[PDB]
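Content type TSV, N, CA and C atoms, from the file data_23.tsv:
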chain	number	residue	atom	x	y	z
A	1	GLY	N	111.46	98.60	90.95
A	1	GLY	CA	111.70	100.04	91.03
A	1	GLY	C	113.17	100.40	90.88
A	2	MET	N	113.88	99.71	89.98
A	2	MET	CA	115.31	99.96	89.72
A	2	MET	C	115.76	99.07	88.58
A	3	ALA	N	115.43	97.82	88.70
A	3	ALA	CA	115.74	96.82	87.71
A	3	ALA	C	114.60	95.85	87.71
A	4	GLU	N	113.71	96.01	86.77
A	4	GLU	CA	112.50	95.23	86.74
A	4	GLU	C	112.76	93.95	85.97
A	5	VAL	N	112.85	92.87	86.69
A	5	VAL	CA	113.13	91.58	86.12
A	5	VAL	C	112.79	90.55	87.20
A	6	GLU	N	112.86	89.27	86.87
A	6	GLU	CA	112.62	88.23	87.80
A	6	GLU	C	113.62	88.27	88.92
A	7	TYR	N	113.13	88.43	90.08
A	7	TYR	CA	113.92	88.28	91.24
A	7	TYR	C	113.51	87.07	91.98
A	8	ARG	N	114.25	86.05	91.75
A	8	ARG	CA	113.97	84.75	92.24
A	8	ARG	C	114.54	84.59	93.64
A	9	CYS	N	113.69	84.25	94.56
A	9	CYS	CA	114.08	84.01	95.91
A	9	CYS	C	113.87	82.53	96.22
A	10	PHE	N	114.74	81.97	97.02
A	10	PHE	CA	114.66	80.58	97.40
A	10	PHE	C	114.16	80.49	98.82
A	11	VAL	N	113.04	79.83	98.99
A	11	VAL	CA	112.49	79.62	100.29
A	11	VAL	C	112.47	78.14	100.56
A	12	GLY	N	113.25	77.74	101.51
A	12	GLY	CA	113.34	76.36	101.87
A	12	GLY	C	112.95	76.18	103.30
A	13	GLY	N	112.47	75.02	103.62
A	13	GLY	CA	112.08	74.78	104.96
A	13	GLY	C	110.67	75.21	105.20
A	14	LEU	N	109.84	74.89	104.25
A	14	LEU	CA	108.44	75.17	104.33
A	14	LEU	C	107.77	73.98	104.95
A	15	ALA	N	106.51	74.08	105.19
A	15	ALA	CA	105.80	72.99	105.76
A	15	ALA	C	105.27	72.15	104.62
A	16	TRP	N	105.00	70.89	104.87
A	16	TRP	CA	104.50	70.02	103.83
A	16	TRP	C	103.06	70.33	103.43
A	17	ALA	N	102.45	71.24	104.16
A	17	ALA	CA	101.11	71.69	103.86
A	17	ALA	C	101.16	73.08	103.21
A	18	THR	N	102.37	73.62	103.04
A	18	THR	CA	102.54	74.93	102.45
A	18	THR	C	102.17	74.90	100.98
A	19	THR	N	101.24	75.74	100.63
A	19	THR	CA	100.80	75.84	99.28
A	19	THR	C	101.39	77.09	98.68
A	20	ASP	N	101.44	77.18	97.38
A	20	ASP	CA	101.91	78.40	96.75
A	20	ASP	C	100.93	79.52	96.91
A	21	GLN	N	99.71	79.15	97.17
A	21	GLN	CA	98.65	80.09	97.50
A	21	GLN	C	99.01	80.81	98.82
A	22	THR	N	99.37	80.04	99.84
A	22	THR	CA	99.74	80.60	101.13
A	22	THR	C	101.12	81.26	101.07
A	23	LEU	N	102.03	80.66	100.30
A	23	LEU	CA	103.38	81.17	100.11
A	23	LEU	C	103.35	82.56	99.48
A	24	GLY	N	102.67	82.67	98.34
A	24	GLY	CA	102.63	83.89	97.57
A	24	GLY	C	102.14	85.08	98.36
A	25	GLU	N	100.94	84.97	98.89
A	25	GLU	CA	100.31	86.07	99.63
A	25	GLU	C	101.09	86.51	100.86
A	26	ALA	N	101.82	85.58	101.44
A	26	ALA	CA	102.66	85.89	102.57
A	26	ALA	C	103.77	86.86	102.15
A	27	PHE	N	104.28	86.67	100.96
A	27	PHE	CA	105.33	87.50	100.42
A	27	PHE	C	104.78	88.73	99.71
A	28	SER	N	103.52	88.65	99.27
A	28	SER	CA	102.82	89.79	98.64
A	28	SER	C	102.70	90.96	99.63
A	29	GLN	N	102.75	90.63	100.91
A	29	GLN	CA	102.66	91.61	101.98
A	29	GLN	C	103.99	92.39	102.09
A	30	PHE	N	105.04	91.83	101.52
A	30	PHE	CA	106.36	92.45	101.56
A	30	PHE	C	106.72	93.07	100.22
A	31	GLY	N	106.46	92.37	99.14
A	31	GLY	CA	106.88	92.89	97.89
A	31	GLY	C	106.09	92.42	96.71
A	32	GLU	N	106.41	93.03	95.59
A	32	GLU	CA	105.83	92.76	94.28
A	32	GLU	C	106.14	91.35	93.81
A	33	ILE	N	105.11	90.56	93.64
A	33	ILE	CA	105.24	89.17	93.24
A	33	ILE	C	104.92	89.02	91.74
A	34	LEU	N	105.63	88.14	91.08
A	34	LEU	CA	105.36	87.79	89.68
A	34	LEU	C	104.91	86.35	89.59
A	35	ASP	N	105.49	85.54	90.45
A	35	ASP	CA	105.30	84.09	90.46
A	35	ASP	C	105.67	83.56	91.82
A	36	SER	N	105.01	82.53	92.24
A	36	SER	CA	105.28	81.89	93.50
A	36	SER	C	104.80	80.47	93.41
A	37	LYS	N	105.72	79.53	93.39
A	37	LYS	CA	105.35	78.15	93.22
A	37	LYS	C	106.05	77.23	94.18
A	38	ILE	N	105.29	76.28	94.67
A	38	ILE	CA	105.81	75.25	95.53
A	38	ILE	C	106.29	74.09	94.69
A	39	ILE	N	107.45	73.60	95.00
A	39	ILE	CA	107.97	72.46	94.33
A	39	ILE	C	107.47	71.25	95.08
A	40	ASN	N	106.66	70.47	94.43
A	40	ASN	CA	106.06	69.35	95.08
A	40	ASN	C	106.79	68.07	94.80
A	41	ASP	N	106.50	67.10	95.59
A	41	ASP	CA	107.12	65.81	95.56
A	41	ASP	C	106.20	64.89	94.79
A	42	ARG	N	106.60	64.53	93.60
A	42	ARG	CA	105.77	63.72	92.70
A	42	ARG	C	105.68	62.31	93.23
A	43	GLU	N	106.83	61.86	93.67
A	43	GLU	CA	107.10	60.54	94.14
A	43	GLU	C	106.16	60.10	95.27
A	44	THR	N	105.95	60.95	96.25
A	44	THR	CA	105.08	60.59	97.35
A	44	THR	C	103.77	61.38	97.36
A	45	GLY	N	103.69	62.41	96.53
A	45	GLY	CA	102.51	63.24	96.50
A	45	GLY	C	102.52	64.29	97.60
A	46	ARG	N	103.71	64.61	98.08
A	46	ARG	CA	103.86	65.61	99.13
A	46	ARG	C	104.44	66.88	98.53
A	47	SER	N	104.91	67.75	99.37
A	47	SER	CA	105.67	68.88	98.95
A	47	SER	C	107.15	68.50	99.10
A	48	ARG	N	108.04	69.24	98.46
A	48	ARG	CA	109.47	68.99	98.64
A	48	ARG	C	109.94	69.67	99.91
A	49	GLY	N	109.15	70.61	100.39
A	49	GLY	CA	109.50	71.33	101.58
A	49	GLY	C	110.16	72.65	101.26
A	50	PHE	N	110.06	73.09	100.02
A	50	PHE	CA	110.62	74.35	99.61
A	50	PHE	C	109.89	74.86	98.37
A	51	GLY	N	110.12	76.10	98.02
A	51	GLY	CA	109.50	76.68	96.87
A	51	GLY	C	110.24	77.91	96.41
A	52	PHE	N	109.80	78.48	95.33
A	52	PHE	CA	110.43	79.65	94.77
A	52	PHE	C	109.46	80.79	94.73
A	53	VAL	N	109.95	81.97	95.01
A	53	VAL	CA	109.14	83.17	94.95
A	53	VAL	C	109.80	84.13	93.98
A	54	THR	N	109.03	84.67	93.09
A	54	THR	CA	109.52	85.57	92.10
A	54	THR	C	109.02	86.97	92.36
A	55	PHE	N	109.94	87.85	92.55
A	55	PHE	CA	109.67	89.22	92.78
A	55	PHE	C	109.89	90.02	91.52
A	56	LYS	N	109.28	91.18	91.49
A	56	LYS	CA	109.39	92.11	90.38
A	56	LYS	C	110.55	93.08	90.63
A	57	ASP	N	110.91	93.24	91.89
A	57	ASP	CA	111.92	94.21	92.28
A	57	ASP	C	112.92	93.59	93.24
A	58	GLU	N	114.15	94.06	93.16
A	58	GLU	CA	115.25	93.58	93.97
A	58	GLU	C	115.06	93.90	95.45
A	59	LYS	N	114.61	95.10	95.75
A	59	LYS	CA	114.46	95.55	97.12
A	59	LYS	C	113.27	94.90	97.74
A	60	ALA	N	112.22	94.78	96.95
A	60	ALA	CA	111.00	94.11	97.36
A	60	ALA	C	111.31	92.66	97.73
A	61	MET	N	112.31	92.10	97.07
A	61	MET	CA	112.75	90.76	97.36
A	61	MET	C	113.62	90.77	98.62
A	62	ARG	N	114.61	91.67	98.65
A	62	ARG	CA	115.55	91.82	99.78
A	62	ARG	C	114.83	91.88	101.13
A	63	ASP	N	113.93	92.86	101.28
A	63	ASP	CA	113.18	93.03	102.57
A	63	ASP	C	112.42	91.76	102.94
A	64	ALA	N	111.87	91.11	101.93
A	64	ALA	CA	111.07	89.92	102.11
A	64	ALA	C	111.91	88.76	102.59
A	65	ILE	N	113.18	88.79	102.27
A	65	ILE	CA	114.09	87.75	102.65
A	65	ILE	C	114.44	87.86	104.12
A	66	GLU	N	114.95	89.01	104.53
A	66	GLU	CA	115.30	89.22	105.91
A	66	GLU	C	114.07	89.21	106.82
A	67	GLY	N	112.96	89.72	106.32
A	67	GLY	CA	111.74	89.79	107.10
A	67	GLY	C	111.03	88.44	107.27
A	68	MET	N	111.26	87.52	106.35
A	68	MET	CA	110.59	86.21	106.43
A	68	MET	C	111.47	85.13	106.98
A	69	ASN	N	112.76	85.28	106.85
A	69	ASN	CA	113.68	84.25	107.29
A	69	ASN	C	113.64	84.09	108.81
A	70	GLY	N	113.21	82.94	109.26
A	70	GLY	CA	113.17	82.68	110.67
A	70	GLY	C	111.76	82.58	111.23
A	71	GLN	N	110.80	83.23	110.59
A	71	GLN	CA	109.45	83.21	111.13
A	71	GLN	C	108.67	82.01	110.61
A	72	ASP	N	107.42	81.91	111.01
A	72	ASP	CA	106.60	80.75	110.67
A	72	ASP	C	105.77	81.02	109.44
A	73	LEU	N	105.62	80.01	108.63
A	73	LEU	CA	104.75	80.05	107.50
A	73	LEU	C	104.17	78.65	107.35
A	74	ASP	N	102.88	78.54	107.67
A	74	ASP	CA	102.09	77.30	107.59
A	74	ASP	C	102.53	76.24	108.61
A	75	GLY	N	103.09	76.68	109.73
A	75	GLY	CA	103.44	75.73	110.77
A	75	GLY	C	104.90	75.32	110.76
A	76	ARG	N	105.72	76.00	109.99
A	76	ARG	CA	107.12	75.77	110.05
A	76	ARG	C	107.88	77.07	109.97
A	77	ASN	N	108.94	77.19	110.76
A	77	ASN	CA	109.87	78.31	110.63
A	77	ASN	C	110.56	78.17	109.31
A	78	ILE	N	110.39	79.14	108.49
A	78	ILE	CA	110.88	79.10	107.15
A	78	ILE	C	112.26	79.71	107.02
A	79	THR	N	113.03	79.17	106.11
A	79	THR	CA	114.34	79.66	105.83
A	79	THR	C	114.32	80.33	104.45
A	80	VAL	N	114.55	81.61	104.44
A	80	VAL	CA	114.47	82.37	103.22
A	80	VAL	C	115.84	82.92	102.90
A	81	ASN	N	116.26	82.80	101.66
A	81	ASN	CA	117.57	83.29	101.28
A	81	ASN	C	117.59	83.75	99.84
A	82	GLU	N	118.69	84.33	99.46
A	82	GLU	CA	118.90	84.91	98.18
A	82	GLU	C	119.13	83.82	97.17
A	83	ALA	N	118.49	83.95	96.05
A	83	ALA	CA	118.64	82.99	94.99
A	83	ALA	C	119.12	83.69	93.75
A	84	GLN	N	118.94	85.03	93.73
A	84	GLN	CA	119.25	85.89	92.57
A	84	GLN	C	118.39	85.52	91.30
A	85	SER	N	118.32	86.42	90.33
A	85	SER	CA	117.59	86.22	89.08
A	85	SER	C	118.02	84.93	88.36
A	86	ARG	N	117.06	84.07	88.06
A	86	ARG	CA	117.33	82.80	87.40
A	86	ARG	C	116.40	82.57	86.22

Would you give me this structure, written as structure tokens?
Amino acid sequence: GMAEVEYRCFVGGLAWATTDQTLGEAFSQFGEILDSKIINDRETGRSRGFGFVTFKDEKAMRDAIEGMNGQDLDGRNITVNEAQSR
């Protein structure tokens, strides 16, 4: 709703059971999502413990960052921060 483009947010400190399915919808409650993917660990077959969330709007991303940073998502307090458009 100002600059419509990929707003990439970095979410680190997820749980190893955190799926992009659970990740996405959690952030869908805050803002417009375009993409939400968990970076998995190929080597062990786990998650890396972090993922990326793509917003459609800057503000939709902003609120989601402050609102999600610190709370729990899938059994871990998640750390959410600014990653800017990538």

Which residues, written as an MDAnalysis selection string, have at least one atom at most 6 Å from residue 78 in chain A, with only C-alpha atoms counted and residues fewer than 5 positions away on the same chain left out?
chainID A and resid 13:14 69:72

Interatomic distance, CA of residue 31 in chain A to atom C of residue 47 in chain A (Å, one decimal):
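Separation of CA of residue 31 in chain A and atom C of residue 47 in chain A: 24.4 Å.
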
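In this structure, CA of residue 29 in chain A sits 15.6 Å away from CA of residue 11 in chain A.
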
List the neighbours of range 58-66 of chain A out to 7 Å using only C-alpha atoms; skip same-chain residues closer than 3 positions along the sequence, and give me the result as a list in words.
residues 7, 27, 30, 31, 32, 55, 69, 80 and 81 of chain A

Excluding residue 46 in chain A and its own-chain neighbours fewer than 3 positions away, which residues fall within 12 Å of it when counting only C-alpha atoms? Please give them as a count of residues only.
14

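Counting from CA of residue 85 in chain A, the distance to CA of residue 9 in chain A is 8.0 Å.
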
Enumerate as a list in words all residues of chain A assigned to helix (DSSP H, G or I) by DSSP on the backbone, naming them with the chain letters and numbers the document uses.
residues 20, 21, 22, 23, 24, 25, 26, 27, 28, 58, 59, 60, 61, 62, 63, 64, 65, 66, 67 and 68 of chain A

Do a neighbour search on residue 57 in chain A at 7 Å with all atoms listed in the file, toss out local chain neighbours closer than 6 positions, and write the hits as a ChimeraX atom specification.
/A:1-7,31-33

May I have all residues of range 22-77 of chain A that DSSP, computed from the backbone, assigns to strand (DSSP E), given as a ChimeraX atom specification?
/A:33-41,46-55

Given the choices A:52, A:12, A:24, A:79, which gets closest to residue 67 in chain A if the distance is worked out from only C-alpha atoms?
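Closest residue, counting only C-alpha atoms: A:79.
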
Between A:23, A:34, A:83, A:73, which residue has the minimum interatomic distance to residue 51 in chain A, considering only C-alpha atoms?
A:23

To box range 19-35 of chain A, take all atoms listed in the file, fit an axis-aligned box, add 6 Å on each side, and give centre and edge lengths in Å to one decimal, as JSON.
{"center_x": 102.8, "center_y": 84.4, "center_z": 96.1, "size_x": 20.2, "size_y": 29.3, "size_z": 25.0}

Looking at all atoms listed in the file, which of A:68, A:56, A:21, A:48 is the one that sits closest to residue 36 in chain A?
A:21

Just so I have it separately, write range 48-65 of chain A from the block I sent, keeping N, CA and C atoms, as a PDB file, in the first residue's frame.
ATOM      1  N   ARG A  48      17.150 -25.252   9.241  1.00  0.00           N
ATOM      2  CA  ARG A  48      18.328 -24.473   9.604  1.00  0.00           C
ATOM      3  C   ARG A  48      18.039 -23.683  10.866  1.00  0.00           C
ATOM      4  N   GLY A  49      16.763 -23.545  11.177  1.00  0.00           N
ATOM      5  CA  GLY A  49      16.369 -22.801  12.343  1.00  0.00           C
ATOM      6  C   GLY A  49      15.999 -21.376  12.006  1.00  0.00           C
ATOM      7  N   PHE A  50      15.797 -21.101  10.728  1.00  0.00           N
ATOM      8  CA  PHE A  50      15.406 -19.779  10.294  1.00  0.00           C
ATOM      9  C   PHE A  50      14.708 -19.875   8.941  1.00  0.00           C
ATOM     10  N   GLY A  51      14.083 -18.801   8.531  1.00  0.00           N
ATOM     11  CA  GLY A  51      13.395 -18.769   7.280  1.00  0.00           C
ATOM     12  C   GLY A  51      13.168 -17.352   6.817  1.00  0.00           C
ATOM     13  N   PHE A  52      12.610 -17.209   5.649  1.00  0.00           N
ATOM     14  CA  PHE A  52      12.347 -15.909   5.084  1.00  0.00           C
ATOM     15  C   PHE A  52      10.875 -15.729   4.846  1.00  0.00           C
ATOM     16  N   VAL A  53      10.396 -14.538   5.091  1.00  0.00           N
ATOM     17  CA  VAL A  53       9.011 -14.210   4.852  1.00  0.00           C
ATOM     18  C   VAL A  53       8.971 -13.032   3.891  1.00  0.00           C
ATOM     19  N   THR A  54       8.167 -13.134   2.883  1.00  0.00           N
ATOM     20  CA  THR A  54       8.047 -12.116   1.887  1.00  0.00           C
ATOM     21  C   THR A  54       6.711 -11.434   1.987  1.00  0.00           C
ATOM     22  N   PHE A  55       6.758 -10.170   2.217  1.00  0.00           N
ATOM     23  CA  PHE A  55       5.600  -9.355   2.304  1.00  0.00           C
ATOM     24  C   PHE A  55       5.389  -8.587   1.028  1.00  0.00           C
ATOM     25  N   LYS A  56       4.173  -8.150   0.843  1.00  0.00           N
ATOM     26  CA  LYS A  56       3.772  -7.369  -0.317  1.00  0.00           C
ATOM     27  C   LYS A  56       3.922  -5.873  -0.013  1.00  0.00           C
ATOM     28  N   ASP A  57       3.906  -5.543   1.267  1.00  0.00           N
ATOM     29  CA  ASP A  57       3.926  -4.157   1.704  1.00  0.00           C
ATOM     30  C   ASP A  57       4.941  -3.955   2.814  1.00  0.00           C
ATOM     31  N   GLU A  58       5.521  -2.770   2.844  1.00  0.00           N
ATOM     32  CA  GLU A  58       6.540  -2.398   3.807  1.00  0.00           C
ATOM     33  C   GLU A  58       5.982  -2.325   5.231  1.00  0.00           C
ATOM     34  N   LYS A  59       4.800  -1.757   5.386  1.00  0.00           N
ATOM     35  CA  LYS A  59       4.202  -1.568   6.693  1.00  0.00           C
ATOM     36  C   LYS A  59       3.699  -2.871   7.216  1.00  0.00           C
ATOM     37  N   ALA A  60       3.126  -3.650   6.314  1.00  0.00           N
ATOM     38  CA  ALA A  60       2.643  -4.980   6.629  1.00  0.00           C
ATOM     39  C   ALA A  60       3.792  -5.839   7.146  1.00  0.00           C
ATOM     40  N   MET A  61       4.984  -5.561   6.649  1.00  0.00           N
ATOM     41  CA  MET A  61       6.172  -6.245   7.092  1.00  0.00           C
ATOM     42  C   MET A  61       6.622  -5.684   8.436  1.00  0.00           C
ATOM     43  N   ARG A  62       6.723  -4.346   8.513  1.00  0.00           N
ATOM     44  CA  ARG A  62       7.150  -3.624   9.730  1.00  0.00           C
ATOM     45  C   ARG A  62       6.409  -4.100  10.975  1.00  0.00           C
ATOM     46  N   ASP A  63       5.073  -4.001  10.954  1.00  0.00           N
ATOM     47  CA  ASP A  63       4.235  -4.418  12.122  1.00  0.00           C
ATOM     48  C   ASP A  63       4.497  -5.874  12.499  1.00  0.00           C
ATOM     49  N   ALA A  64       4.678  -6.696  11.481  1.00  0.00           N
ATOM     50  CA  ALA A  64       4.872  -8.116  11.657  1.00  0.00           C
ATOM     51  C   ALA A  64       6.206  -8.411  12.321  1.00  0.00           C
ATOM     52  N   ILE A  65       7.143  -7.519  12.144  1.00  0.00           N
ATOM     53  CA  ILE A  65       8.453  -7.669  12.705  1.00  0.00           C
ATOM     54  C   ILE A  65       8.432  -7.384  14.195  1.00  0.00           C
TER      55      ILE A  65
END
